[PDB]
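Excluded from the calculations below are hydrogen atoms, water molecules and symmetry mates; all remaining heavy atoms, backbone and side chain alike, are included. In what follows, residues are counted from 1 in the order of the sequence shown.
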Amino acid sequence: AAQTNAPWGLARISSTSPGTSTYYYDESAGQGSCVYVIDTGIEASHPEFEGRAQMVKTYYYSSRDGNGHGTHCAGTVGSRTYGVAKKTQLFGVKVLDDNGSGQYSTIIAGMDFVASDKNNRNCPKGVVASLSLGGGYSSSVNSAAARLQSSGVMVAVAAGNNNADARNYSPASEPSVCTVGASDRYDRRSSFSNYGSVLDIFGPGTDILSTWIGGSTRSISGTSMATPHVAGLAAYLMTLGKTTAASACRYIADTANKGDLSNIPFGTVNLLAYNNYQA
């Protein structure tokens with residue numbers, strides 16, 4: 001398939017060179033897979049989700065996305081115009097309030113919930129989880145992320161927006177989950193993106209147009225926007241049978257565009273998410 005005039009991030013992960021405007025991808029588009037978006041929620045009512053999004057857990061007086069952040073990430077995973085896995089199923093776990101804040105004990109609870117709740121859902125091509133969130137170092141948070149990975153779920157987490165080493169943030173610093181850095185449309189490391197040996201892969205994360213609450217759309221920036229590209233990609237590759245939940249992050253790194261990013265510090269991988277689709 002080809003999406004003409006796609007967002008630059010979608011075109012990037014299906015291209016070998018920056019500057020293109022078409023997203024090339026297999027028509028399966030993630031059908032049969034499931035991506036849990038652990039964030040401020042999702043506006044499942046958005047016509048861009050085509051009824052494929054549904055909230056399954058909240059920890060606040062409401063399960064609605066009063067922020068847009070979670071709706072923006074979910075649209076990059078699987079929205080029809082802005083997503084990587086356009087036929088995937090999106091589940092919303094609202095661990096963050098409408099300021100984008102959330103306590104560690106709640107985020108942990110959310111992750112434990114996803115490990116259990118995938119057993120209630122039909123996902124014959126596997127399960128992905130996208131955690132566009134984090135904070136200071138916490139081993140309990142890291143264990144939580146590793147528990148989720150070990151239970152059969154592909155975990156992708158943002159590396160952080162502190163332009164520092166991700167060793168000091170969580171769950172970004174958990175070795176067994178996929179930790180995603182951010183790049184821009186010119187293959188530069190995003191000015192804000194964290195770095196460090198704990199990174200596994202980079203995805204598009206500067207000026208990312210995607211869905212927004214109110215049935216709208218906007219462009220924003222962060223390793224929060226890079227994470228759902230890789231999560232979408234994981235789910236896309238899993239539907240195709242090329243990798244598994246346990247093996248996807250390694251697969252994405254093996255098959256990534258190598259050595260094409262600028263400003264990548266010494267010790268940080270130089271790998272850009274890439275779907276190697278050959279029509």
Side-chain angles (χ1 to χ4, degrees), residues 9 12-13 35-38 73 76-77 84-85 111 126-134 137 139 141-184 187-190 192-206 208 222-238 242-257 259-276:
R12 193 64 198 83
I13 63 88
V35 185
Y36 287 85
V37 172
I38 303 177
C73 294
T76 305
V77 182
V84 178
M111 276 174 243
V127 184
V128 187
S130 210
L131 287 63
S132 279
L133 53 67
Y137 180 79
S139 64
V141 162
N142 277 4
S143 275
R147 273 202 298 291
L148 184 49
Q149 175 73 44
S150 148
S151 85
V153 182
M154 194 284 182
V155 182
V157 316
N161 312 295
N162 326 86
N163 183 49
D165 196 311
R167 58 192 335 170
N168 296 123
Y169 298 90
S170 286
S173 52
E174 178 36 50
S176 55
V177 302
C178 213
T179 307
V180 186
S183 55
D184 74 4
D187 282 345
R188 284 170 308 191
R189 183 173 64 85
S190 292
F192 51 83
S193 179
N194 277 3
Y195 52 82
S197 52
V198 86
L199 268 58
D200 305 305
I201 199 95
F202 283 79
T206 294
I208 314 291
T223 65
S224 283
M225 296 43 257
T227 299
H229 283 94
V230 168
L233 184 53
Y236 165 81
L237 298 171
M238 281 159 71
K242 295 167 127 103
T243 197
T244 80
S247 273
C249 187
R250 193 192 298 241
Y251 183 79
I252 295 183
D254 286 346
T255 60
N257 285 323
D260 293 341
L261 304 181
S262 87
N263 206 14
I264 298 305
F266 206 81
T268 294
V269 305
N270 187 332
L271 299 160
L272 186 64
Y274 172 60
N275 67 1
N276 201 51

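The structure places CG of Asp184 at 10.5 Å from OG of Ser193, a figure rounded to the nearest 0.5 Å. Considering OG1 of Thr243 and CG of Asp254, their distance stands at 9.0 Å, rounded to 0.5 Å. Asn276 CG to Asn257 CG: the interatomic distance, rounded to the nearest 0.5 Å, is 8.5 Å. The distance from the NZ atom of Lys242 to the OG atom of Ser247 is 15.0 Å, given to the nearest 0.5 Å. Interatomic distance, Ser183 OG to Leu271 CG, rounded to the nearest 0.5 Å: 11.5 Å. Of the inter-residue distances, the one linking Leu233 atom CG with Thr255 atom OG1 reads 7.0 Å to the nearest 0.5 angstrom.
Distance alone, capped at 3.5 Å, places no donor-acceptor pair between the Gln149 side chain and the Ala156 backbone. Counting only distance, with no hydrogens or angles, the side chain of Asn194 and the backbone of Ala164 share a donor-acceptor pair below 3.5 Å. A donor-acceptor pair under 3.5 Å is absent between the side-chain atoms of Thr76 and the main chain of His229, judged by distance alone. Put simply, the side chain of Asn161 never gets that close to the backbone of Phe192: no donor and acceptor are under 3.5 Å apart.
In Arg167, the CZ atom is not crowded: 12 or fewer heavy atoms of neighbouring residues, nucleotides or ligands sit closer than 6.0 Å.
When all heavy atoms of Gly205 and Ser190 are compared, the closest pair comes out as C-OG, 4.1 Å. Residues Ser132 and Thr227 share a closest heavy-atom pair of OG-CB, 3.5 Å. Here the shortest heavy-atom pairing between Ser173 and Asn142 reads OG-ND2, 3.1 Å. Minimum interatomic distance between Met154 and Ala248 (heavy atoms only, all atoms of both residues): CG-CB, 3.8 Å. Smallest separation of non-hydrogen atoms from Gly134 and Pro171: CA-CD, 4.1 Å. Residues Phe202 and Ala182 share a closest heavy-atom pair of CD2-N, 3.4 Å.
Residues that satisfy the side-chain contact (heavy atoms from CB on, under 4.5 Å) test with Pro265, not counting sequence neighbours, are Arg189, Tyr195, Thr268.
Under the side-chain contact (heavy atoms from CB on, under 4.5 Å) rule, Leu272 has a single partner from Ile13, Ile264, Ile252, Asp187, which is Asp187.
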Original post:
Yes or no on side-chain contact (heavy atoms from CB on, under 4.5 Å) for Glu174 and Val157, after CA distance, side-chain angles and deciding distance?
Top reply: CA-CA 9 Å; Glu174 178 36 50; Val157 316; over 6 Å; no
